[PDB]
Amino acid sequence: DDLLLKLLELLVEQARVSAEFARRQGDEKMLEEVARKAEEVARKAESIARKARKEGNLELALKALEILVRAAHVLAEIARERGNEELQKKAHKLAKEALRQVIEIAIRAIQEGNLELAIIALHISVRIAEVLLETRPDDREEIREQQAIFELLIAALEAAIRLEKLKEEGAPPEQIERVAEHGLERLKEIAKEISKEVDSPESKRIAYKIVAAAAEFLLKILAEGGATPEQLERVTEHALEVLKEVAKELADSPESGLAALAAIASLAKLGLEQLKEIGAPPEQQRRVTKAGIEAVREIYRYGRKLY
Amino acid sequence: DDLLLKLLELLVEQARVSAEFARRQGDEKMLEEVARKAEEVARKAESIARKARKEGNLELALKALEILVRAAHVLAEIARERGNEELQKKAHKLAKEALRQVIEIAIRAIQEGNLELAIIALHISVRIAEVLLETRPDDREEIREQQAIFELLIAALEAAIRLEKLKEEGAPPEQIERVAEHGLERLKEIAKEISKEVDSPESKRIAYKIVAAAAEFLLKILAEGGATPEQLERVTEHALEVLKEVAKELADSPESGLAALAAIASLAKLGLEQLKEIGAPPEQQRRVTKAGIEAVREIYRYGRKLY
Amino acid sequence: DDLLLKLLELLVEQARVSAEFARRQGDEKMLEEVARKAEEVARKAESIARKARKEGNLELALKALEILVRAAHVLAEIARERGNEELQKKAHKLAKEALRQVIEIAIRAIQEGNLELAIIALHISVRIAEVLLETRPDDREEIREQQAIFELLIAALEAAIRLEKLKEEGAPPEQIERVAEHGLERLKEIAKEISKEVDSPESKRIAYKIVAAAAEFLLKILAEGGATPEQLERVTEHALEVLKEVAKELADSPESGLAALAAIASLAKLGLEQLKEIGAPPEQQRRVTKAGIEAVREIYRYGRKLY
């Protein structure tokens with residue numbers, strides 16, 4: 001695959017060099033030709049990307065997204081010179097779709113611990129912000145929403161990388177606990193702050209899943225860190241308390257209810273699987289099971305006014 | 001070796017920052033210094049490029065050409081501010097010969113099957129086009145010749161990498177043959193479209209050599225794909241037929257005949273070598289030889305009208 | 001550690017797009033926010049860099065320095081566009097601190113022979129020059145100090161890589177010694193020319209250390225080349241002779257004296273250790289030791305003119 005992706009890069013390079021030639025010579029039919037070329041690239045690239053997400057290779061998907069960005073960049077240059085609304089609508093649609101797709105991939109990359117690809121994904125996301133910002137600087141709230149999602153992902157990377165460093169460095173389980181506790185608290189305060197300004201339903205849905213995936217990664221790494229059953233329990237309880245409190249902000253609707261549910265259920269499943277793997281006695285399994293059930297009871301009772 | 005080339009890069013970038021300093025300070029002698037330093041880079045880079053021309057390390061050749069591009073770019077900025085012709089005369093000639101040389105390297109890379117370096121080279125060629133169009137935006141025929149050669153090389157790379165992907169997937173011989181046939185058909189039609197505009201004699205030789213190298217790569221890949229002796233024979237005759245058709249559609253001098261028919265005979269020799277290696281019965285070897293000799297007769301009987 | 005460093009890169013890219021956004025909206029509050037965040041990035045990177053200085057991992061230090069320069073770019077954009085002199089001051093200070101640090105690191109990299117990192121460092125030094133040049137293009141004396149040091153480093157690296165290339169391709173020790181003498185003479189000429197312009201004590205400290213490290217590299221490379229004791233003596237005397245002459249130029253003060261002799265003594269100690277390791281006879285050990293003591297006797301005699 002990669003060489004075909006690089007042929008798209010060469011076509012986009014030739015289009016960009018052609019777009020300098022069009023800026024210098026002024027032929028509107030040359031702008032039409034590079035617009036057609038860039039759409040054909042955009043098709044080829046989206047086909048490779050939709051294949052890549054079915055195949056599960058995130059590196060290929062991120063390469064394809066960066067090509068979609070590069071194609072969107074020259075489309076934005078053509079739209080900036082020509083003033084054509086069809087190109088502006090296409091670029092906005094493609095970029096908004098790419099933002100959602102890269103967000104899904106970023107959730108995957110953080111949830112699967114492949115933070116190197118997540119860093120590349122955030123890099124691509126910044127370029128998507130450049131595309132969106134060049135497309136409409138006045139329609140600012142969508143940029144503010146994207147930047148909030150980015151700040152949330154950055155906060156998740158800060159917690160993730162701080163803990164990954166601590167995992168390499170072999171610190172005491174009590175230091176690992178206090179760092180994870182501090183991390184989950186800081187994540188709560190950031191989620192609370194973001195929830196002041198955001199209002200896109202899908203953005204809130206994304207944000208909750210990101211908070212959940214960050215907590216899940218923190219617990220999985222802490223458990224791979226060989227912590228005591230007592231640490232595993234206290235951290236799981238704190239994580240349930242966070243997931244519950246952030247759900248009491250975000251659980252506005254059937255989707256956000258079902259999302260908070262699936263997340264708390266996933267956290268319970270993970271907690272129990274780790275308690276089984278360490279061989280913790282049945283009372284700790286009961287205590288965690290109760291905490292999970294009681295959290296879902298609280299959320300479904302709390303949300304019962306909204307439906 | 002590469003560290004030498006990196007010292008040239010550091011020299012060029014120091015010159016480039018010195019050319020920002022020259023744009024801010026206005027000193028003619030500073031422009032004269034960076035111009036001289038860039039010619040000293042051109043000396044050093046040309047010298048290593050001649051070494052690579054002998055030794056066949058294409059990666060070094062491309063690296064040296066990239067330095068020649070970088071040097072030409074700063075020379076173009078120096079000359080565009082200073083208004084001097086001699087730096088533009090040097091840049092134009094150096095770029096034109098570098099374009100031919102990188103095309104010859106790219107033909108070699110396609111013939112060797114290192115499409116990775118060929119892609120990198122084609123990017124360098126597109127960057128030579130940035131130098132060319134910055135040198136003059138109205139020298140359009142040279143830019144058109146470059147773009148035509150580029151699109152031919154891309155069409156060849158698309159056919160090549162598609163068929164190599166069929167080799168990686170383990171596709172059936174009949175599908176492999178339909179893709180190879182489609183590739184030759186598309187190449188023939190593109191070459192006929194290009195023949196409506198191009199008028200550099202060496203560019204016509206380049207185009208024929210590219211079509212021939214693409215057919216050669218297709219033949220070698222189809223042989224590695226394990227196609228039957230009958231399919232190899234049908235491909236060989238169809239390929240020679242296309243090569244004969246393209247030879248008639250391009251050739252316009254006895255020297256162009258010498259080149260084209262030498263290339264045809266080379267492809268026929270490879271076809272015979274493949275049938276010999278596969279152990280195909282002598283009647284198939286005769287059939288291919290007859291087709292080759294009939295192409296010789298036809299291109300003789302056509303070519304004797306050009307002279 | 002590279003995850004943390006790349007996290008800082010993402011913070012910087014997010015800030016850079018935020019600095020596009022702040023220039024599109026026209027609000028100083030976001031410029032304060034990116035300035036704050038960039039200063040925290042600078043503190044984080046500086047902390048990692050001084051840590052890397054203690055650990056001895058030059059690749060991490062150079063990565064961190066490039067991040068400091070990347071942060072300095074967005075800081076310089078804010079300090080240029082908002083016009084706040086306290087940002088200009090903090091940027092200029094950070095850039096000058098980085099310049100000294102990267103020069104000392106580059107001297108270390110040359111002294112250890114890891115010239116790949118020295119090339120990267122010198123690239124970063126070009127980036128520091130971009131920051132300095134954008135900060136104040138009329139600060140011409142500081143710019144000239146950086147240029148002179150750069151020219152010296154480039155000349156030293158040219159000799160170094162010429163000699164390493166000669167070792168890599170193979171040569172008779174006679175040609176290696178003839179190149180080494182030509183290198184020491186080029187170093188003498190360039191150092192003499194630079195010493196006509198430069199005045200700063202830190203610049204003297206840098207310059208002599210670089211010349212000394214270049215002689216040290218030349219000597220250690222001839223030792224890796226396995227040259228006979230006669231060639232080792234001949235280069236040792238000529239190298240001490242150049243170091244003595246360059247000391248007679250640069251030794252303006254007790255500090256520059258102290259440096260020059262410490263370096264000379266080190267070069268002699270290396271020379272005697274190579275005579276010890278190659279098993280040179282006791283009379284040759286004495287002859288070289290006497291020559292070294294006579295160089296000390298000359299640094300004593302000459303430097304006392306300024307006591």
# chains A, B, ... in the order shown; residues from 1 in each chain; ligands from 1
$ interface_residues --of "chain B" --to "chain A" --cutoff "8 Å" --atoms "only C-alpha atoms" --output "list in words"
residues 115, 116, 119, 122, 123, 126, 129, 130, 133, 137, 154, 157, 158, 161 and 165 of chain B
$ write_last_selection --atoms "C-alpha atoms" --output "PDB file, in the first residue's frame"
ATOM      1  CA  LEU B 115      10.287   2.159  -7.027  1.00  0.00           C
ATOM      2  CA  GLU B 116      10.876   3.617  -3.522  1.00  0.00           C
ATOM      3  CA  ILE B 119       9.247   7.974  -5.968  1.00  0.00           C
ATOM      4  CA  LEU B 122      10.180  12.015  -8.741  1.00  0.00           C
ATOM      5  CA  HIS B 123       9.588  14.254  -5.693  1.00  0.00           C
ATOM      6  CA  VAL B 126       8.910  18.071  -8.905  1.00  0.00           C
ATOM      7  CA  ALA B 129      10.100  22.095 -11.312  1.00  0.00           C
ATOM      8  CA  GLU B 130       9.659  24.565  -8.396  1.00  0.00           C
ATOM      9  CA  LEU B 133       8.904  27.845 -12.561  1.00  0.00           C
ATOM     10  CA  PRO B 137       6.811  31.354 -15.105  1.00  0.00           C
ATOM     11  CA  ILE B 154       3.155   8.327 -12.544  1.00  0.00           C
ATOM     12  CA  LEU B 157       4.254   3.732 -11.421  1.00  0.00           C
ATOM     13  CA  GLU B 158       0.458   3.163 -10.995  1.00  0.00           C
ATOM     14  CA  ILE B 161       2.662  -0.853  -8.182  1.00  0.00           C
ATOM     15  CA  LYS B 165       0.231  -5.545  -5.384  1.00  0.00           C
TER      16      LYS B 165
END
$ atom_distance --atom1 "CA of residue 31 (chain A)" --atom2 "CA of residue 78 (chain A)"
6.5 Å
$ residues_around --residues "residue 210 (chain C)" --least-positions-apart "3" --cutoff "10 Å" --atoms "only C-alpha atoms" --output "PyMOL selection string"
chain C and resi 103-104+106-108+110-111+149+152-153+156+187+191+204-207+213-216
$ residues_around --residues "residue 296 (chain B)" --least-positions-apart "3" --cutoff "10 Å" --atoms "only C-alpha atoms" --output "PyMOL selection string"
chain B and resi 244+261-262+264-265+290-293+299-302
$ write_last_selection --atoms "N, CA, C and O atoms" --output "PDB file, in the first residue's frame"
ATOM      1  N   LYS B 244       5.649  -1.566 -30.829  1.00  0.00           N
ATOM      2  CA  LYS B 244       5.656  -1.207 -32.247  1.00  0.00           C
ATOM      3  C   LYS B 244       4.680  -0.065 -32.527  1.00  0.00           C
ATOM      4  O   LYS B 244       5.048   0.903 -33.187  1.00  0.00           O
ATOM      5  N   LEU B 261      13.979   0.871 -31.785  1.00  0.00           N
ATOM      6  CA  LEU B 261      14.072  -0.512 -32.193  1.00  0.00           C
ATOM      7  C   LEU B 261      15.135  -1.260 -31.382  1.00  0.00           C
ATOM      8  O   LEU B 261      14.917  -2.413 -31.023  1.00  0.00           O
ATOM      9  N   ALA B 262      16.208  -0.594 -30.952  1.00  0.00           N
ATOM     10  CA  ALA B 262      17.134  -1.197 -30.002  1.00  0.00           C
ATOM     11  C   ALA B 262      16.422  -1.588 -28.703  1.00  0.00           C
ATOM     12  O   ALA B 262      16.587  -2.702 -28.200  1.00  0.00           O
ATOM     13  N   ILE B 264      13.111  -2.159 -28.414  1.00  0.00           N
ATOM     14  CA  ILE B 264      12.216  -3.263 -28.780  1.00  0.00           C
ATOM     15  C   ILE B 264      12.990  -4.576 -28.756  1.00  0.00           C
ATOM     16  O   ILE B 264      12.590  -5.516 -28.075  1.00  0.00           O
ATOM     17  N   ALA B 265      14.130  -4.620 -29.442  1.00  0.00           N
ATOM     18  CA  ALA B 265      14.943  -5.819 -29.528  1.00  0.00           C
ATOM     19  C   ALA B 265      15.410  -6.256 -28.141  1.00  0.00           C
ATOM     20  O   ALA B 265      15.417  -7.442 -27.829  1.00  0.00           O
ATOM     21  N   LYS B 290       9.822 -14.408 -34.534  1.00  0.00           N
ATOM     22  CA  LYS B 290       9.103 -13.941 -35.722  1.00  0.00           C
ATOM     23  C   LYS B 290       8.415 -12.614 -35.449  1.00  0.00           C
ATOM     24  O   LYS B 290       8.615 -11.674 -36.205  1.00  0.00           O
ATOM     25  N   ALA B 291       7.672 -12.497 -34.350  1.00  0.00           N
ATOM     26  CA  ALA B 291       7.032 -11.236 -33.993  1.00  0.00           C
ATOM     27  C   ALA B 291       8.058 -10.098 -33.881  1.00  0.00           C
ATOM     28  O   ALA B 291       7.854  -9.022 -34.438  1.00  0.00           O
ATOM     29  N   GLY B 292       9.195 -10.353 -33.230  1.00  0.00           N
ATOM     30  CA  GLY B 292      10.283  -9.385 -33.125  1.00  0.00           C
ATOM     31  C   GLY B 292      10.828  -8.986 -34.495  1.00  0.00           C
ATOM     32  O   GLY B 292      10.853  -7.811 -34.850  1.00  0.00           O
ATOM     33  N   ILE B 293      11.178  -9.962 -35.326  1.00  0.00           N
ATOM     34  CA  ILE B 293      11.683  -9.698 -36.668  1.00  0.00           C
ATOM     35  C   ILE B 293      10.630  -8.970 -37.521  1.00  0.00           C
ATOM     36  O   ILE B 293      10.970  -8.056 -38.267  1.00  0.00           O
ATOM     37  N   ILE B 299       9.279  -1.399 -38.484  1.00  0.00           N
ATOM     38  CA  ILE B 299       9.941  -0.168 -38.054  1.00  0.00           C
ATOM     39  C   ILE B 299      11.063   0.223 -39.024  1.00  0.00           C
ATOM     40  O   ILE B 299      11.256   1.410 -39.253  1.00  0.00           O
ATOM     41  N   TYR B 300      11.716  -0.722 -39.704  1.00  0.00           N
ATOM     42  CA  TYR B 300      12.553  -0.419 -40.873  1.00  0.00           C
ATOM     43  C   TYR B 300      11.738   0.262 -41.984  1.00  0.00           C
ATOM     44  O   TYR B 300      12.081   1.357 -42.425  1.00  0.00           O
ATOM     45  N   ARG B 301      10.632  -0.347 -42.416  1.00  0.00           N
ATOM     46  CA  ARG B 301       9.796   0.149 -43.529  1.00  0.00           C
ATOM     47  C   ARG B 301       9.117   1.487 -43.220  1.00  0.00           C
ATOM     48  O   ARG B 301       8.920   2.297 -44.125  1.00  0.00           O
ATOM     49  N   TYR B 302       8.786   1.751 -41.957  1.00  0.00           N
ATOM     50  CA  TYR B 302       8.383   3.078 -41.491  1.00  0.00           C
ATOM     51  C   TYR B 302       9.583   4.030 -41.451  1.00  0.00           C
ATOM     52  O   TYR B 302       9.573   5.069 -42.101  1.00  0.00           O
TER      53      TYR B 302
END
$ atom_distance --atom1 "CA of residue 199 (chain B)" --atom2 "CA of residue 97 (chain B)"
17.0 Å
$ residues_around --residues "residue 192 (chain A)" --least-positions-apart "3" --cutoff "12 Å" --atoms "only C-alpha atoms" --output "short mmCIF file (atom, residue, chain, number, x, y, z; two decimals) with C-alpha atoms, in the first residue's frame"
data_model
loop_
_atom_site.label_atom_id
_atom_site.label_comp_id
_atom_site.auth_asym_id
_atom_site.auth_seq_id
_atom_site.Cartn_x
_atom_site.Cartn_y
_atom_site.Cartn_z
CA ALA A 148 -11.38 21.49 23.77
CA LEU A 152 -8.72 16.79 26.75
CA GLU A 185 -8.56 14.14 40.02
CA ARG A 186 -6.90 16.50 37.47
CA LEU A 187 -8.83 14.72 34.67
CA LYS A 188 -12.08 15.29 36.65
CA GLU A 189 -11.37 19.04 37.02
CA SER A 195 -18.26 20.81 30.27
CA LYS A 196 -18.82 24.57 30.97
CA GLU A 197 -18.36 25.54 27.30
CA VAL A 198 -18.99 22.48 25.04
CA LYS A 204 -19.90 15.42 24.71
CA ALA A 207 -15.41 13.59 25.57
CA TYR A 208 -16.98 11.06 27.94
CA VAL A 211 -12.30 10.39 29.89
CA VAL A 242 -14.85 9.89 38.83
CA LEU A 243 -16.82 8.08 36.09
CA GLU A 245 -19.34 12.29 38.86
CA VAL A 246 -18.35 13.10 35.24
CA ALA A 247 -21.45 11.15 34.13
CA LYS A 248 -23.56 13.37 36.51
CA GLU A 249 -22.31 16.27 34.33
CA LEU A 250 -22.44 14.63 30.85
#
$ residues_around --residues "residue 171 (chain B)" --least-positions-apart "6" --cutoff "12 Å" --atoms "only C-alpha atoms" --output "list in words"
residues 162, 163, 164, 165, 177, 178, 179, 222, 224, 225, 226 and 227 of chain B
$ residues_around --residues "residue 100 (chain C)" --least-positions-apart "5" --cutoff "12 Å" --atoms "only C-alpha atoms" --output "MDAnalysis selection string"
chainID C and resid 65 93:95 105:107 121 125 128 145:146 149 202:203 205:206
$ write_last_selection --atoms "N, CA and C atoms" --output "compact mmCIF listing (two decimals), in the first residue's frame"
# COMPACT_ATOMS: atom_id res chain seq x y z
N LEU C 65 16.97 20.77 22.99
CA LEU C 65 17.40 22.06 22.48
C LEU C 65 16.59 22.44 21.24
N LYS C 93 17.73 36.09 25.95
CA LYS C 93 18.43 35.38 27.03
C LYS C 93 18.42 33.88 26.80
N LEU C 94 17.25 33.28 26.57
CA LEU C 94 17.14 31.85 26.32
C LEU C 94 17.97 31.45 25.10
N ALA C 95 17.91 32.22 24.02
CA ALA C 95 18.67 31.94 22.80
C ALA C 95 20.18 31.98 23.06
N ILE C 105 28.13 21.44 23.94
CA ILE C 105 27.71 20.11 23.52
C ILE C 105 28.38 19.74 22.19
N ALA C 106 28.46 20.65 21.23
CA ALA C 106 29.08 20.39 19.93
C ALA C 106 30.58 20.13 20.08
N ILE C 107 31.26 20.88 20.93
CA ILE C 107 32.65 20.60 21.27
C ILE C 107 32.74 19.18 21.83
N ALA C 121 23.48 19.21 15.93
CA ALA C 121 23.70 20.36 16.79
C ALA C 121 23.95 21.63 15.97
N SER C 125 22.01 25.02 15.74
CA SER C 125 22.67 26.31 15.82
C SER C 125 22.22 27.24 14.69
N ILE C 128 19.01 28.46 15.98
CA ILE C 128 19.26 29.53 16.95
C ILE C 128 19.57 30.82 16.20
N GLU C 145 29.57 37.06 15.92
CA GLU C 145 30.16 36.04 16.80
C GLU C 145 29.61 34.66 16.47
N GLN C 146 28.29 34.52 16.35
CA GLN C 146 27.70 33.25 15.97
C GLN C 146 28.23 32.79 14.61
N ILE C 149 31.93 31.60 14.89
CA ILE C 149 31.97 30.30 15.57
C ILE C 149 31.46 29.22 14.62
N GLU C 202 34.40 34.74 26.27
CA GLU C 202 33.70 33.49 25.99
C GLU C 202 33.98 33.03 24.55
N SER C 203 34.01 33.96 23.60
CA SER C 203 34.37 33.64 22.22
C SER C 203 35.79 33.09 22.14
N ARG C 205 37.37 31.53 24.59
CA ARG C 205 37.27 30.23 25.27
C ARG C 205 36.75 29.16 24.33
N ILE C 206 35.67 29.48 23.63
CA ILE C 206 35.10 28.63 22.59
C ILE C 206 36.15 28.35 21.51
$ atom_distance --atom1 "CA of residue 56 (chain A)" --atom2 "CA of residue 118 (chain A)"
14.5 Å
